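J.: Before anything else, here's the structure in question.
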Amino acid sequence: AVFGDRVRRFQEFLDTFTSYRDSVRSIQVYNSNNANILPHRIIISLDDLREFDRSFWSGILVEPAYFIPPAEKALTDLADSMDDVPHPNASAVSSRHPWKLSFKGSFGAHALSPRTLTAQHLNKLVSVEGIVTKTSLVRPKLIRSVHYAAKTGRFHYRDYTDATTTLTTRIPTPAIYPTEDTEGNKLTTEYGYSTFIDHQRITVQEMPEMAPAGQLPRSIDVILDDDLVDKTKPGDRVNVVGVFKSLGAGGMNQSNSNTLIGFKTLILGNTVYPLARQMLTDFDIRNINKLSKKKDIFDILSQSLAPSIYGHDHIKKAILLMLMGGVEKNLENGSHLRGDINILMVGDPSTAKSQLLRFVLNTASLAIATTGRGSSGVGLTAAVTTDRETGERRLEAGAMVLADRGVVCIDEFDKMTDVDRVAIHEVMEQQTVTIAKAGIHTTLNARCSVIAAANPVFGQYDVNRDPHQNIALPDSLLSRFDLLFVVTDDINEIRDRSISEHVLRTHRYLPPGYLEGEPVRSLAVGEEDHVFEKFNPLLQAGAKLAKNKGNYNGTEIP
Amino acid sequence: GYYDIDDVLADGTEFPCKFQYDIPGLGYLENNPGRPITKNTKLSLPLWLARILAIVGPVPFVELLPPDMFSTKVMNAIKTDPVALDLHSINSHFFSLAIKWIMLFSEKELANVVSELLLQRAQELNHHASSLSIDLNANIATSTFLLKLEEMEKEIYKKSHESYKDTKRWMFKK
Amino acid sequence: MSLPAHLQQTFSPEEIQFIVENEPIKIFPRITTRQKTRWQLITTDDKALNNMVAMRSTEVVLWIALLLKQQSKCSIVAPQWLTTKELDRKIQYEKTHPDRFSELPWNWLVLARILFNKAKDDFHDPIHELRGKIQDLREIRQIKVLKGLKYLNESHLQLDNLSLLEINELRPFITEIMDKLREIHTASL
Amino acid sequence: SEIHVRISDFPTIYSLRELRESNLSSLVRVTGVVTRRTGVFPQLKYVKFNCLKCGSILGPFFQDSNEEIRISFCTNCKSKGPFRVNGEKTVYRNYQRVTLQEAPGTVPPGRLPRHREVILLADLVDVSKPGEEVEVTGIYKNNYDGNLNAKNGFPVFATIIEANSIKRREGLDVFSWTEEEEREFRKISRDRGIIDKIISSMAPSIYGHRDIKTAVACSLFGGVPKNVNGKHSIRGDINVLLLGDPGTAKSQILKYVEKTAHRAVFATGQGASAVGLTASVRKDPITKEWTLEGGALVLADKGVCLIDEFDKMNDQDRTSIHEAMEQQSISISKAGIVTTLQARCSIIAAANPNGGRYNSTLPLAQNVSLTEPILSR
Amino acid sequence: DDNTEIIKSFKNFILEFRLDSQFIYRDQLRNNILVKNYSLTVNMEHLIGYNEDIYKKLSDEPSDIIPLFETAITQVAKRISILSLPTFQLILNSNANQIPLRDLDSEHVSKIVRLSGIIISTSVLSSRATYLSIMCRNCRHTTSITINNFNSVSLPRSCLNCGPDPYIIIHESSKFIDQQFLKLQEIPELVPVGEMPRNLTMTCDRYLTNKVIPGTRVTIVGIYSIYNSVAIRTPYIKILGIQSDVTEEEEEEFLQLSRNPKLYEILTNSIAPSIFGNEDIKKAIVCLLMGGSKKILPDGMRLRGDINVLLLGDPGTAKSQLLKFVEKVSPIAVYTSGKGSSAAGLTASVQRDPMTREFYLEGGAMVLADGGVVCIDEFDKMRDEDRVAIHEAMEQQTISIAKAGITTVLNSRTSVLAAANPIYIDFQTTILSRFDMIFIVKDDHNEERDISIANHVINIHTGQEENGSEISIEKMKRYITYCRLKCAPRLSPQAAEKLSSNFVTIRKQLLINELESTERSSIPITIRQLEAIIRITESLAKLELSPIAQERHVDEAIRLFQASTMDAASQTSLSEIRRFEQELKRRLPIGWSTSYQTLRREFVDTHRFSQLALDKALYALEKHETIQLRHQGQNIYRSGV
Ligand SMILES: Nc1ncnc2c1ncn2[C@@H]1O[C@H](COP(=O)(O)OP(=O)(O)OP(=O)(O)O)[C@@H](O)[C@H]1O
Ligand SMILES: Nc1ncnc2c1ncn2[C@@H]1O[C@H](COP(=O)(O)OP(=O)(O)OP(=O)(O)O)[C@@H](O)[C@H]1O
Ligand SMILES: Nc1ncnc2c1ncn2[C@@H]1O[C@H](COP(=O)(O)OP(=O)(O)OP(=O)(O)O)[C@@H](O)[C@H]1O
Ligand SMILES: [Mg+2]
Ligand SMILES: [Mg+2]
Ligand SMILES: [Mg+2]
Ligand SMILES: [Zn+2]
Ligand SMILES: [Zn+2]
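Protein chains in written order, with the deposited numbering: chain 3, 19 to 53, 90 to 329, 338 to 583, 589 to 594, 618 to 648; chain C, 2 to 58, 68 to 148, 159 to 194; chain B, 1 to 36, 48 to 200; chain 2, 291 to 459, 469 to 676; chain 5, 22 to 105, 132 to 199, 205 to 212, 235 to 303, 321 to 337, 350 to 527, 540 to 578, 587 to 694, 706 to 775.
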């Protein structure tokens, strides 16, 4: 009765807005032509539904369990009627593939965070924003089994149900395959014609900034099924929309005796909104050629990177040269001539070494700033690990291995321990790492480029001594670095004023938006000043001196 | 009116603009002195200048682009759930600027939304204003909502709270 | 300025009491003013005061009645509305109709407090019962007022038979909200 | 409503080694040292069961402390069906369990000590704490335990002592004084040279080292801790470091002050560790929740902590005492039991100079390996 | 019958109580309903006064009577709010004699008791049940059962055929309420000597959740009940009212205080009133307490605003006393001994949850100190790995431990006050450069000074203006909270130019200092030190609530920095190290080892090279693998060219 009325209402709503019908038709046509596969899903905007009918909008927002399934059935009926497949297949006929729904638009007080989710928001549609910390393995889930009875020559089927698969509760169906027909004939399971869907459980953690002072972060579990199975990885920021639910007996059954613990609550995900390379167009290639023809482009590219920094122009040139690397030769004898440049910086304190590292990190396609001083997190080189109790061996890749065909920006190279020194020597010399520990034998490529900074041993660079003396690494390590740069902090009055003013500017620079200087606090997922840069005294600064050739008076805008 | 601090401040907000003329000597308007202002160039101007430039020109000097506080996102947010919307973050003078916008462009679509939002917010404003305290021995929600009040709403709330408090004090005075 | 900030475009409860006390009330005098000096007030009639006999009911302004009660020279006659039976009848009337307001006197809140404080032994009914009935009436009126605030518009509003104290309570909020809505509507045209 | 009767002086005294089957269900007096203790819990004193088939409610019973009440047949419905505990109206009693172990001295040469479990009912809980020597008079009971039978392989019964009275181990306490004695002390204090007599009367068996006697007497008597508006804290304890040639009557004086001091703990530099000086974590057999033990410094609060062969202690252990020396508190973080413990005790330490002898020419800095901070303290 | 009578009694109590002229509870209920607060707070004194029998019944069997009180409250609320809502919650206030936590025993089972303690841990909100919809597996019979939190419910075992436990819960038509578990520890004062603090589990529901945090003294009114986990039961408390020791009048008082013309001097006086001298350290500690205004940039590079200080002097200087006072005064503070704790104690450590066996992250002292101040003592004894961990933590204020099964990160916005023993390099000048301010405390041997300190200490022992020259800890703490949460001042353009000129003058001052021709000055100043000079002026501005920092703050900050860091940094040699290294290399052939003590005798005792030049050269040589340290550095072995 009510189910039919709601199905009819959603059918009328879909008829009114032709965009969703067009989207369904487009998905179906793309699937048919490509016979890589578009999922059966449609994204609706809550604003349009609110405009069309307030009752249905409020029902979806407050009573999703009773209002969502009718919408899914209406969409499935529309798709089936619109379908024009002439000849289906045994896989398609028996497949349990209804059409799912996802929601976009503006939420009211339902746009919450993992900390704000309390018991008053249960059985309601919510939008949770946070950070992924855990990601369980992808596993298949049984939702339909088709059997064959040879004697009667008929195909039977049976449907299963679980608390994490349907918004509306039903009697649990144990995963026991029927073995005999009602008439008594023996059945044989047809595995190829059954239906299995994927299943993944992830845990979303509150964003650290929003966490109240002196409070640990709170997390909420999320369940994703079918197409939304492999879309997030740990550490990513997501905005998951789903229905908050409570599962299990929660100690209410007489078997349990705690009588104090509460029920288990999760979210049934409906959609996930996330929170390298740029495809070159036809005229971008023309632009790059135009710049290439200009017989001054090397200086332009060199000084475009890190324009703020004063001096050290040769370092910028060498850093660009490193970024673009050199051809790598593979001889027929298996010999491998290295074709990746390496750079090491050594100098007194406060010479923008970290600034140069940051700029190469920002401009480099790949980079990992794993400092050499106790690199907690990702190790500098690969090293197997085992669990404390289960002893689960596993090869954990280090920074060097995670930069294949890229760059690794080590920091504070002078703080390395003997283990790291020995590992790095082999890594650079051979360009590959072969692990032969804990019964694990494997080879992992490490072709990359290394840039590192290293302060002196006495805290200040001595000119009278060789660079190999001001640094305390053996010749084996230093020889691997193709180019070694020694930089000293020189004091010049004009330079001092320039640096002072440039640093001062930022402090008085403010977060524009609220009373200047006071207590300081994506729209879509699917998705010629462009090339050149207008001069900015605040940022570039020294870049003008670069084209002026060390002349402050020079006003040659570069 | 003329001598009204709240009215004066509201006119001081920055609205987007698009110059469609080529005027020299107006460099200081954009960001630098002594540089002619090209045409078809976007810049941010205070309202007290943008309004006059738009009205006075055959062809106005300026063409006011759609502001950022009246975009479709804000309209949808207002229509969805007026009470929980935080107007203070959007703009501290939302209602005065809105009224000025409707008067300037005489748009009959924003008026309905603004009126409904004001009515719905006033319901909760009165709900919170009438809830006083009792010292029986001899607020968290109130503070949470109070931080989301525009300047005009804050003034109305203060006046209503003072009236209610005075009446209660007189009524229960010994 | 010449007038405080809170007294602009509204009233104060003390002024409301001042207004309420300007009305007549019936009292039982305890002296014999009638002859066989004398009052010559200018704002109020002085004939009644000059002609009063003990235990014989007469009419005088509420302010003068309270002044006499201060010296214990008269006994105030509690109005007919204040009695319990009338209060139960009015409560039932309010409950029966969830849309209209009762028809109590406009000064049914100020007079109640003034009499409950100054004259606590003149009533013919228990004081606590009267206080409870008045509280119930006030609560029902508050509910109805809250429900009726959802119909503010830019044209006008009607609140038949609403006491002066409640109107004074609601004057700032209603007036300001209606003014803002009217300004928006006028700008729209 | 109940006044328990406790027997004080049982003539027959037994030990944890000589208890046999003949002593079952009889009054026995044993001596031992407490090495374990559990929290205080309420235990049912009169239970009232009910049925599940008919729902009938059984009458009152008495709950023995060692075995739980078992019913295998009803009386109202007279069926062997399941049962349950009901009758929310009940009267409870306190219940605690401690592990009593034989005194190390009493144990014959190099034999394993024998331990039993003692059950303390209402009015007896929190009457003793770990590390005490006590005498327990109670009923030596036994009961059937399935786990023991399954493990050993023979019909063996668990045994436990239901305590009836606990006493500490002349009289009851020498430190306790009477009103009559308090008058004697005032008379003695009036002596003109009482201080000299106190110093002389301290370690008389040792001839010389009057400076040692003065310092140690001052440490024993102690100071007056002071606090200023809760903003400034001044320690009242006095710390004395003893340093000199090998044979000088150093350890013997510490042994003497151990006896004389009210609450004293004796630890040697070699035989000590930070875990044993701060606290140790155990698992409660009842609640299965991790608790925290007391350390050597904690056990000697408001007393004296004597350390012998101080120079021999390792650096980490010597750092563990820095906190107690000046901060007068020890901080612990183990097994999510982060808390701060109170340790206000004076420390008397004895050591020999580095190299085995004190070179009078060189200063105290090089003579002993202790760092400048601790030396200053 | 009886239940209806009790409900009517409660209704009459609520509707009839009145002290002078105002119906307290009626008006309170109306006000609470208006703001969507479904609760009622009742003072037990009023209940006793109105009718003693009602209180007698309430205290006799609270678990049975309290739900009826909630029902009556709900009925009255519906009568008062709806013209002819969830079950309301009852909160109780009482003034009965407090029962010590350690003294709770079986005698107080199922009785209302009042106690006090300190919260040590709080859980995350659970979801208890209040109205369950149940359907039978076989015959599919729909039914509903209501549940009340108080115990003196489980799914039916017999269907209302169907076997045991035939009912399942329909979760789409049920209602739930919040629950939380807290732990209460007895007050330190009441703990008997030689014993240990005892803990007690507690439970709160609905509007009593998220009302306290660990480390807050609280007073609890609740039911002492027992829940089954020989025949023993686990005690616990059911909370009914929370009153923790933690407006406009105080704003007026604070504003008047800020108007005092010597606010800076009084605040510097309140810092350690009991410690004599060390005025510069006192001012630096004041600046650290107030801190610096936060800076955030749209690009992503947000500058630090907090302040850290280093106290490095000889023993007997009251550094620890200063740290203790700083810990006590600040609203949020953690006092930690460097050697007492470890890497786990500070920053954070990755551990595993025993109950669930999942790798999780637990914060250290800095995490627990987020938004406050951490006073680290004995910086020297702390291990080098912990020191570098602290280096990173102060560098980014976000301890980055996100690996090993999880990828979670925590914020550590904190101010570090470090007291370190004298160096007499492990204490390399780099970590010092990280510190904003460096102080070397040295008492000068002036007879007047010695007598003054002696008199001060004797006055301490034999022993409070607080009349315009000092303020107690409570007022100062509230002051710090107000100033840190309200005002975030910023410097001024003229002050900015003046400070730039000041740095120029400092560089020129070194230029004057370097009268030497060949010798090179170590450092005039670093850019990090320049940033350090700023953010203390904002501290002074926030101290006085000044929206813009004027030149006065600039000169004050300049003097404070000059009196601490430049002199301490200043408080040839490399060429000598070259000769020492050459001699050591020449003396020892390859493979020949000589005792480090023997080398010290050869050179240090001979005085040809000072000891500070021995360790430096030895470290420089060892780090290059040319030499090796053996026997804890007591034997030196050459290992190549
Ligand atoms: N050429 C330069 N132009 C502008 N600023 C500079 C230049 N060289 C150094 N700086 C300033 O030096 C400051 C210090 O930079 P950074 O902390 O990265 O120094 P570092 O020498 O790499 O440090 P460390 O000695 O600790 O390894 C930066 O704020 C930058 O402003
Ligand atoms: N002044 C003295 N009078 C009496 N006996 C003394 C005296 N000095 C030393 N002795 C005796 O010297 C012996 C030395 O043993 P004791 O336990 O006293 O310390 P120790 O082993 O010499 O000390 P250390 O730990 O410094 O090696 C003891 O028997 C003590 O009786
Ligand atoms: N001016 C002073 N007024 C009072 N006490 C002072 C003063 N200067 C030093 N002190 C001393 O400081 C002591 C407490 O601080 P403490 O000496 O432990 O600090 P510290 O020097 O850091 O210690 P250590 O270096 O030994 O670890 C008090 O006992 C005390 O009398
Ligand atoms: Mg650096
Ligand atoms: Mg000895
Ligand atoms: Mg100290
Ligand atoms: Zn039975
Ligand atoms: Zn059934």
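Even for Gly, the Cβ is constructed at its ideal location relative to N, Cα and C.
Give the residues of chain 5 in contact with residue 307 (chain 3), contact being defined as C-beta atoms less than 9 Å apart.
T.: Those are 206, 207 and 239, listed as they occur along chain 5.
J.: So, does the CB of residue 114 (chain B) fall closer than 8 Å to a CB anywhere in chain 5?
T.: No, no contact with chain 5.
J.: With DSSP as the reference, identify every bridge partner of residue 641 (chain 2), one or two as the case may be.
T.: In DSSP, residue 641 (chain 2) forms a bridge with 628 (chain 2).
J.: Let's test the definition: count the other Cβ atoms within 10 Å of the Cβ of residue 384 (chain 3) and tell me whether it reaches 16, buried, or not, exposed.
T.: Answer is buried; the Cβ neighbour count reaches 16.
J.: Between residue 252 (chain 5) and chain C, is there a C-beta pair that is closer than 8 Å?
T.: With 8 Å as the cut-off, residue 252 (chain 5) does not count as an interface residue toward chain C.
J.: Relative to chain C, which residues along the region 19 to 33 of chain 3 have a C-beta separation below 7 Å, given in chain order?
T.: Going along the region 19 to 33 of chain 3 in chain order, one finds no residue with a Cβ nearer than 7 Å to chain C.
J.: Counting pairs of Cβ atoms below 8 Å between the region 458 to 472 of chain 5 and the region 548 to 564 of chain 5, do you hit three or more?
T.: Verdict: no, contact absent.
J.: Any heavy atom of ligand 5 within a distance shorter than 7 Å of the CB on residue 702 (chain 2)?
T.: A question about residue 702 (chain 2) goes unanswered here, because the residues of chain 2 that appear run from 291 up to 676.
J.: Taking 8 Å as the threshold, find out whether the region 508 to 527 of chain 3 comes into contact with the region 461 to 474 of chain 3 through three or more Cβ pairs.
T.: Segments in contact, yes.
J.: Do the CB positions of residue 325 (chain 5) and residue 298 (chain 5) come within less than 8 Å of each other?
T.: For residue 325 (chain 5) and residue 298 (chain 5), no; Cβs fall outside 8 Å.
J.: Say whether chain 5 places a C-beta atom closer than 8 Å to the C-beta of residue 353 (chain 2).
T.: So yes, residue 353 (chain 2) belongs to the interface.
J.: Examine ligand 4 and report whether any of its heavy atoms sits within less than 7 Å of the Cβ of residue 318 (chain 3).
T.: No.
J.: Residue 526 (chain 2) bridges to which residues according to DSSP?
T.: 532 (chain 2).
J.: Ignore the nearest five residues each way along the sequence and tell me which others in residue 362 (chain 5)'s own chain have a CB closer than 8 Å to its CB.
T.: Counting only Cβ-Cβ distances below 8 Å, and skipping sequence neighbours, we find nothing.
J.: Does DSSP classify residue 621 (chain 2) as helix, strand or coil?
T.: Note: residue 621 (chain 2) maps to helix in three-state DSSP.
J.: With a cut-off of 8 Å, does the C-beta of residue 570 (chain 3) fall near any C-beta of chain C?
T.: With 8 Å as the cut-off, residue 570 (chain 3) does not count as an interface residue toward chain C.
J.: Is residue 240 (chain 5) near ligand 8, judged by its Cβ being under 7 Å from some heavy atom?
T.: The answer is yes for residue 240 (chain 5).
J.: Comparing C-alpha positions only, which one of 141 (chain C), 139 (chain C) and 98 (chain C) sits nearest to residue 168 (chain C)?
T.: Nearest of 141 (chain C), 139 (chain C) and 98 (chain C) to residue 168 (chain C), Cα basis: 98 (chain C).
J.: Any chance the CB of residue 415 (chain 3) is under 7 Å from a heavy atom of ligand 1?
T.: For ligand 1, at least one heavy atom lies less than 7 Å from the Cβ of residue 415 (chain 3).
J.: When the Cα atoms are used, what is the spatial distance from residue 639 (chain 3) to residue 101 (chain 3)?
T.: Roughly 60 Å between the two C-alpha positions.
J.: Could you confirm whether any beta carbon from chain 3 is found closer than 8 Å to the beta carbon of residue 91 (chain C)?
T.: So yes, residue 91 (chain C) belongs to the interface.
J.: Considering only residues of the same chain and omitting the five flanking positions on each side of residue 351 (chain 2), which have a CB-CB separation below 7 Å?
T.: Cβ neighbours of residue 351 (chain 2) beyond the five flanking positions: 336, 337 and 359.
J.: For residue 468 (chain 2), collect the residues of the same chain with a Cβ closer than 8 Å to its Cβ; drop the 5 residues on either side in sequence, then sort them by chain order.
T.: Structure remark: chain 2 lacks residues between 459 and 469, so residue 468 (chain 2) is without coordinates.
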